[PDB]
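According to PDB author numbering, the stretch in the sequence shown is residues 15 to 23, 26 to 32, 36 to 44, 46 to 53, 64 to 91, 93 to 155, 157 to 174, 180 to 310, in order. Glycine residues also receive a C-beta, built at the ideal position from the N, C-alpha and C atoms. Below you'll find the structure, written out as structure tokens, and then a few comments.
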Amino acid sequence: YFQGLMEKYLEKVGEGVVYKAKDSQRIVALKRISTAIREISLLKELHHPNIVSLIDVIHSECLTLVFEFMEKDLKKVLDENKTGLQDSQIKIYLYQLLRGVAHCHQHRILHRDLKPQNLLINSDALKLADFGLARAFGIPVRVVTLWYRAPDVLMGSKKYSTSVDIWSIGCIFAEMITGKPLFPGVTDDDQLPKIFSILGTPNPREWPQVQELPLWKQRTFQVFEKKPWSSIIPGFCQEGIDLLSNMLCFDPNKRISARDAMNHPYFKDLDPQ
Ligand SMILES: O=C1Nc2ccccc2/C1=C1/Nc2ccccc2/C1=N\O
């Protein structure tokens, strides 16, 4: 029994160390452990139905973050749906993903590590978690899968940009349709090649600012054409394709914002609540 500042707090469900827990009255979750204090300050700034809420903290000579409980993550939903999800659902999950991320961006914060397991869903409704690598606007930055990273980041971009999360939302959007990860580079060095092998290699003519990126000067890349959206995501509705393509364009200045994406005609039929 560990004393928080709000309450006293039990199965083991952890990784990477997360437990399940009982309040003196409600079910919570306990994340055990630098990037933790960060996570508190950032999470206090982020109160939103689509961001997993932090309810308490326990300090011992190990930090424990007390969170609202969440049945599962999207990593697990994709294992029950190996060929993708129902169009009704993709729309729902995607929309909530955009709503959480939009809230972050309005509040000058970037998740920077969006991926299915960092998206928790409760049995009712999906929420962003794990702000360990989040970037507050103006504060300097201080293992992982590279499958959802923006190509420009992978190429050495250091600049603050909301576009970085939209790339990740794109890869997740695509993953929900096929059931499979869009850019599963076999090693870390294969990630950019993998990306280009599907979306085509970017060219300086259309996107003049690759040339200014640190890994573009230090490396040449095999030149691919884009694979038609027809073979990447067979049979998906045109509206969806349009949206995904606007999430996945190479030029961070052309890439759609979370808020704009919420207004896309693909979301014509969904209740915005
Ligand atoms: O309910 C939760 N709220 C969280 C907030 C932050 C991180 C995790 C969780 C979390 C988790 N719930 C789970 C249920 C089964 C297996 C793992 C987790 C888990 N995490 O592994």
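Original post:
Are there three or more Cβ pairs, one per stretch, closer than 8 angstroms when the segment 246-263 is compared with the segment 138-151?
Top reply: no
Subject >> Anticipated Cβ contact below 8 angstroms, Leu-229 with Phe-273, distance rounded >> reply: 25 angstroms between Cβ atoms; not a contact.
**OP:** Compute the minimum distance between the beta carbon of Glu-102 and the heavy atoms of ligand 1, and state whether it is under 8 angstroms.
**Re:** yes
Original post:
Can you tell me the Cα-Cα spacing of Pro-289 and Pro-241, whole angstroms?
Top reply: 14 angstroms
Original post:
DSSP puts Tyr-38 in a beta bridge; with which residues?
Top reply: Beta-bridge pairing by DSSP links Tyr-38 to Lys-28 and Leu-50.
**OP:** Look up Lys-146 in the DSSP assignment and say whether it is helix, strand or coil.
**Re:** coil
Original post:
Roughly how many angstroms lie between the CA atoms of residue 45 and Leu-73, to the nearest whole one?
Top reply: Structure remark: the chain lacks residues between 44 and 46, so residue 45 is without coordinates.
Original post:
Just how far apart, CA to CA, sit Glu-262 and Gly-193?
Top reply: Going by the C-alpha atoms only, they are around 23 angstroms apart.
**OP:** Tell whether a beta-carbon distance below 9 angstroms holds between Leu-105 and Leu-151.
**Re:** With respect to the 9 angstroms criterion, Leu-105 and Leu-151 are classified as neighbours on the basis of their beta carbons.
Original post:
Is the closest heavy atom of ligand 1 to the C-beta of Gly-164 under 8 angstroms?
Top reply: Checking the Cβ of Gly-164 against ligand 1 gives no.
Subject >> Spatial distance of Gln-127 from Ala-157 (CA atoms) >> reply: 7 angstroms
Subject >> Burial state of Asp-155, where buried means 16 or more other Cβ atoms lie within 10 Å >> reply: Of the residues assessed, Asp-155 falls on the exposed side of the cut-off, its CB having fewer than 16 other CB atoms within 10 angstroms.
Original post:
Run through DSSP, which three-state label would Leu-280 get?
Top reply: helix
**OP:** Could you name each continuous alpha helix (DSSP H) segment of 4 residues or more that falls completely within the segment 236-306, going from the start of the chain to the end?
**Re:** Counting only runs of at least 4 residues, the segment 236-306 fully encloses the following alpha helix (DSSP H) elements, listed from N- to C-terminal order: 251-254, 266-269, 275-284 and 295-299.
**OP:** Could you tell me whether the Cβ atoms of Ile-53 and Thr-114 are closer together than 9 angstroms?
**Re:** no
Original post:
Cβ of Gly-30 within 8 angstroms of any heavy atom in ligand 1?
Top reply: yes
Subject >> Closest Cα partner of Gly-30 within the set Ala-211, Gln-148 and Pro-239 >> reply: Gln-148
Original post:
Taking the alpha helix (DSSP H) that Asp-86 falls in, what are its first and last residues?
Top reply: Premise fails: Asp-86 lies in the beta strand (DSSP E), 84-89, not in any alpha helix (DSSP H).
Original post:
From what residue to what residue does the alpha helix (DSSP H) around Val-108 run?
Top reply: 105-111
Original post:
Should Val-37 be counted as a contact of ligand 1 given a C-beta to heavy atom distance under 8 angstroms?
Top reply: yes
Subject >> Endpoints, beta strand (DSSP E) assigned at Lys-196 >> reply: Here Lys-196 belongs to no beta strand (DSSP E), and DSSP marks it neither H nor E.
Original post:
Whose C-beta lies closer than 6 angstroms to the C-beta of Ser-205 among residues of the same chain, with five residues either side of it excluded?
Top reply: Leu-145 and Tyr-185
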